[PDB]
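**Q** Sharing a structure with you now.
Cβ sites come from the backbone with ideal geometry, for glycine too, and all protein chains shown count toward neighbours. What follows is calculated from the coordinates using simple rules that are stated; it is not laboratory data.
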Amino acid sequence: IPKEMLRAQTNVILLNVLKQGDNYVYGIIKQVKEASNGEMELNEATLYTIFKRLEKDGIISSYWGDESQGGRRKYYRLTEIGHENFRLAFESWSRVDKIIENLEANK
Amino acid sequence: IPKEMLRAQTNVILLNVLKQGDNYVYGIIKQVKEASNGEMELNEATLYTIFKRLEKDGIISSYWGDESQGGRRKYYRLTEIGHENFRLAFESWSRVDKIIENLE
């Protein structure tokens, strides 16, 4: 599959992950691994590049987690704008799916 | 929504159109416009640009349609690799949906 497609897929997964709850890079990787039965292993560097893109664009913000169990983890959260970007992405992709269904029916 | 995401969506739609049947650019724009009740207007230059790359990449081939009514239409057809791409894209996007459900 093209790199552009894989990247678009990662962008959609990450918006969904943060919509569901603040999360940190190695929690995201680990959880996407299980949700994919080990099929998808995201790379740290991909996540940082995307997270710089989203953070500059105001879609995510970051804060430090509880260090009580050891380790200061940087968490990421969807901002309120980022929730709207989430809805928009979700809705437009849903429309893409109907378009494709309808194109089958058109002929 | 970001440009990169619209482009990925157009790429998914285009692969599906050509998988569904050979087709030409103006017909694709019109059909996608109808399938979307007028909400999606694919940009001609975008389609032509994507199709040029796909054609050089051996993913689609092209041929001229009947000119008996006076119209020169260039049709595009999925090659065997193009059918292979359609499946990968369809399957990998399906696995994405699967992942997102599970995360909740």
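**Q** Starting from a Cα-only point model with no solvent, please compute log10 I(q)/I(0) by Debye for chain A at q = 0.18 1/Å.
**A** Calculated log10 I(q)/I(0) at the listed q: -0.95.
**Q** Tally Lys/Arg at +1 and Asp/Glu at -1 over every other residue whose Cβ is under 13 Å from the Cβ of B:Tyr48; what's the total?
**A** Overall, the nearby charge balance is +2.
**Q** Taking the protein assembly as shown, how much of its Cα-Cα pair set, in percent, is spaced more than 21 angstrom apart?
**A** 59 percent
**Q** Mind checking which of B:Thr79, B:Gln31, A:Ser62 is farthest towards the positive end of the protein assembly as shown's charge dipole, using Cβ charges of +1 (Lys, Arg) and -1 (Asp, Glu) about the Cα centre?
**A** Of the listed residues, the answer is B:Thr79.
**Q** Also: Take a quick pass over chain B and tell me how many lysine pairs come in under 20 angstrom between Cα atoms, counting only ones 8 or more apart or on separate chains.
**A** Number of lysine pairs found: 12.
**Q** Determine the sum of side-chain charges near A:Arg73: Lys and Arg each +1, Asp and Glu each -1, restricted to other residues whose C-beta is under 15 angstrom from that of A:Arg73.
**A** Neighbour charge sum, excluding A:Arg73 itself: 0.
**Q** If you count, for every residue in B:29-37, the Cβ atoms of partner chains within 10 Å of its Cβ, what is the mean?
**A** The mean count of partner-chain Cβ atoms within 10 Å per residue comes to 4.
**Q** Find out how many positive minus negative residues lie around A:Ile59, taking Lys and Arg as positive, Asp and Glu as negative, among other residues whose Cβ is under 15 Å from that of A:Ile59.
**A** Net charge around A:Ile59: +1.
**Q** With +1 on each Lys and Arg Cβ and -1 on each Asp and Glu Cβ, how big is the dipole of chain B about its Cα centre, in debye rounded to the nearest 20?
**A** So the magnitude is around 320 debye.
**Q** So if I place +1 on the C-beta of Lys and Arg and -1 on the C-beta of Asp and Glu, and nothing else carries charge, what would the dipole magnitude of the protein assembly as shown be about its Cα centre? I want it in debye, nearest 20.
**A** Result for the protein assembly as shown is approximately 500 debye, rounded to the nearest 20.
**Q** Given an 8 Å cut-off on Cα distances and at least 6 residues of separation, report the relative contact order of chain A as a percent.
**A** Answer for chain A is 25 percent.
**Q** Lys/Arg Cβ at +1, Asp/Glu Cβ at -1, dipole of the protein assembly as shown taken about the Cα centre: which of B:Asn16, A:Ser92, A:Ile1 is farthest positive-ward?
**A** Value: A:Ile1.
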